[PDB]
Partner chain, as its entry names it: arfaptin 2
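The chain below stands alone, shown as structure tokens; this is the form deposited without its partner chain.
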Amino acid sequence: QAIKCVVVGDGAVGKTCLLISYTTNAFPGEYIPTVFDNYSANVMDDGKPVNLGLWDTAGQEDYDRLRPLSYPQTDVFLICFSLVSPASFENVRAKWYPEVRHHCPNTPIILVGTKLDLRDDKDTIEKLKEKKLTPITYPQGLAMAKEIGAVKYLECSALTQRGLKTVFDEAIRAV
């Protein structure tokens, strides 16, 4: 059957690269599509075939009025945040969880930390330290996942593809 999965989260957390890296097995290097689109994947999981529909969204505030038009008939949401952006992590509960629950009270949510490959990057750490900030640790994300009652907390990197298949694998299992 068909599953509708919608991806939301701050601008430049990597939502488009997340979707493109998953469906093509390739990270787009300077070639990131600018057209907001929905993608697809036919996958085998636990025995049955599945048509997973993936809906990208514009995460900037300029789209707050239009973005929810993609929400009807959603089966599962992915709320994304950059593991190396505390502001994006904060916006999970400041913006994204409220907005999702406001329109879709009972749809399961998957909390996804993105850009896992940057959590150990010396330059990213030092730049964050200039703001007295630190990358989001796994226990941090887990706790956030439990605060908003997400069915699962998962971390991934669209660049290395580490932990990327699990994200969409678990979003199907959530449905």
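Numbering follows the first chain given and starts at 1.
There is another form of the same protein, the form deposited with its partner chain bound; it is not shown, and what comes next is about it.
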query: Output flag, 134, 137 and 152 jointly within 4.5 Å of its partner chain in the deposited bound form, heavy atom basis; finding: no
query: In the deposited bound form, residue 107 touching its partner chain (heavy atom, 4.5 Å); finding: no
query: Contact of residue 66 with its partner chain in the deposited bound form (heavy atom, 4.5 Å); finding: yes
query: Distance check, residue 121 to its partner chain in the deposited bound form, heavy atom within 4.5 Å; finding: no
query: In the deposited bound form, residue 56 touching its partner chain (heavy atom, 4.5 Å); finding: yes
query: Contacts with its partner chain in the deposited bound form - residues in 1-28 whose heavy atoms fall within 4.5 Å; finding: 2
